[PDB]
Structure formats: C-alpha cells, structure tokens
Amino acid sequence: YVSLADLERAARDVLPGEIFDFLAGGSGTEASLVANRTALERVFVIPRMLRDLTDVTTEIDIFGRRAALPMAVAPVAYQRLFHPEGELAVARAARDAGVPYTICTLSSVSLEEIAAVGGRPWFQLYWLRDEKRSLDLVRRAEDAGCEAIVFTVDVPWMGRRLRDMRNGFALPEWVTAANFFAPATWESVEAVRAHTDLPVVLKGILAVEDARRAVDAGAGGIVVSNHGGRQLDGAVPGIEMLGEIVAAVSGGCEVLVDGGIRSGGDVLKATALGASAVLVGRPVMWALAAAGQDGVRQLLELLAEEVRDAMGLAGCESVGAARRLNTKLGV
C-alpha cells in the first residue's frame, strides 16, 4: 500500500455491502461527509525551506503521554463488524505504532480486554440513561488504565443514516455491545469532570463559543468534528472551524480535529491550521477489514512515513514548527 486509498478498495471487496455502507456512509444527503474532503482539498500549505532537519521528529506530548505521531485512532463502534479480532487487532497495532487508541462505549470487545493490550488507551463515553451508570463506565475506564475520557457531545441521538435505512442494516447477532442512552448537557460534562482526574476531551465541538465554554468547563481537550458527516447533515466541517477555534481557546486546551484525514499531508494541513493532533476513523477500519492487525500496522507505518515526509518537505523539524506554518485557501 502506497496510499490510504489502496486500502479502501480492499475493504470494499471483502466486506458485506451493508457493513461497508455502515462504515462509509453519512447522514442525510451526505453533504457534510463530502464537505470534509472538499474542505481539506482546498487547503494549501506554504512550506518553509532551508531549515535544520537533522532530527525531524513527529512526536508530541498529549494528555501526559508521548505519542509517536500527532494522531490517534478515532472511536469507531463495533469493530468486530470489520474483522473477527475487532478492537483487539486495532489496539495492538496502535500500541505497536505508539499511537493512542480510543476504546468505545459501544466496543464489541470489553474495554478491560482492550485496555489489557497496553499502549495508550483513551476511552470514549456516550452518556447513558443515568448519571450513576455513566460515571461507572468512566470509573471502569480509569481503573483499567485509560488515560483520557473522550466525551462525545454531538450525539444526543444517532443521525439519520439513509444507507442504513435503505439496507435495513442491523447489528448481526454475532456482534454485541461488550461493555454492557440520553442527551448529554454541560451538567453531564461537569459530572464527568468531577468524577475523574483524567483529562476530559469533548468530541464534536464546532461552534467557537462551545470551544470557549469547553475550556471554561475544565476540558483538557476538544475534538473539532462533525462526526464524519454522520450526525447533522449540513454541519460545517471541523477543518473549516479549526483556525477560529484555535485562536479562541488560546492554548487553554488541546484542540484536535477529525473528518477526512487521509494522508500525512492532511495531517500537516490540520497541524498548520493549529491542531494539536488529528483523529483518523474510516481508514483504520479499511486496514482492519483488509488485513487485520497487520493491515492496521501497515496503515500506521504508511501514515508515519507520510507525516515525516510532509513535515520535512515543509521545513518542520517538529510538530510545533508545523503548527506555525501558514496556509492559503484554494479553489
């Protein structure tokens, strides 16, 4: 594989159509899904030349841990849909690559089993029916060694997935929510923040004042995101809000972004717009479907090579230097 696009083909070949559609699809007309890519393709980097590249490093420190790349694996529910080893395969490859892995509330392997793999696990929280059971998942995650709580805030309910509706898609009986819902509010965030010493990261922020409020609320990070175009159809891409959000929080929390990151060059664009790190979702599942743990390993090695390549070609010996790059929007 010489690009991430190589893996999507392989995944399309092996996966049942309705499962590929569950993975690929978005809500409504998929306007926001498409816009995530459009928006990245309009960004051009202004590279710097003639700088010292003797020790280029793609490493970052985030939420108290070194990561090998400014990247984590996005939360993706029910990974056994894509390969029999599901979350274990992905978590093992992420660990070996030095990349944080986000364990889902709706994981198809229990969070404790996935955490036992080691590495840098984060835990993604969906708010439950009750504060006490929500906080129990959080406590489980913390007890198991997860190092951040990624509280997803853009799913008061699931968006309208028309591919799933037309396919009559349902979870096969051989996939379960192995850790076993209500709309979250700012009160829910405070309940979580008070219940853990772990950094709380709010995933799904797009409005500048919600980013500001996240910092005021004690969040250690946010993910600027429209949930891969799966939630509000017509939601602005995170990448188009990122610069304004980074300016507004002025270093008060980590600012991650996701949606359509498909190469090391895309990681560089995100960094140049001010992101601390990116999440990558669908491509990690393509790699998992295509070739299991080894597939995910190959994807992460490819991404690592592309990130180093893009950084050096842009004159950046560190991710902090890449954040100081300027950009120019094209057509």
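Residue positions are given as counts along the sequence shown, with the first one as 1.
### Query
According to the entry, are there none, 1 to 3, 4 to 9, or 10 or more residues of the deposited sequence without coordinates between residue 180 and residue 181?
Per the record, 10 or more deposited residues are absent between residue 180 and residue 181.
### Query
Quick one: higher average CA temperature factor, 181 to 189 or 128 to 136?
The recorded data point to 128 to 136.
### Query
What stretch has the higher average Cα B-factor here, 144 to 152 or 192 to 200?
Comparing 144 to 152 with 192 to 200, the higher mean C-alpha B-factor belongs to 192 to 200.
### Task
Go through 261, 171, 74, 239 one by one and give the residue whose Cα B-factor in the PDB entry is largest.
In the PDB entry, the greatest C-alpha B-factor among 261, 171, 74, 239 is found at 171.
### Message
Looking at 266, 294, 59, 306, which one carries the largest C-alpha B-factor according to the PDB entry?
### Response
In this record, 294 carries the highest C-alpha B-factor of the candidates.
### Task
Going by the recorded CA B-factors, say which third of the chain residue 167 sits in, lowest, middle or highest.
Ranked within chain, residue 167 CA B lands in the highest tercile.
#### Entry: Ranked C-alpha temperature factor of residue 283 among modelled chain residues, by third
For residue 283, whose C-alpha B-factor we compare with every modelled residue in the chain, the answer is the middle third.
### Task
Report the third (lowest, middle or highest) to which the CA temperature factor of residue 227 belongs, ranking only the modelled residues of the same chain.
It falls in the bottom third of the chain.
### Query
What third of its chain's C-alpha B-factors does residue 23 belong to: lowest, middle or highest?
For residue 23, whose C-alpha B-factor we compare with every modelled residue in the chain, the answer is the middle third.
#### Entry: Cα B factor band for residue 108 (lowest, middle or highest third within the chain)
It belongs to the middle third of the chain when residues are ordered by C-alpha B-factor.
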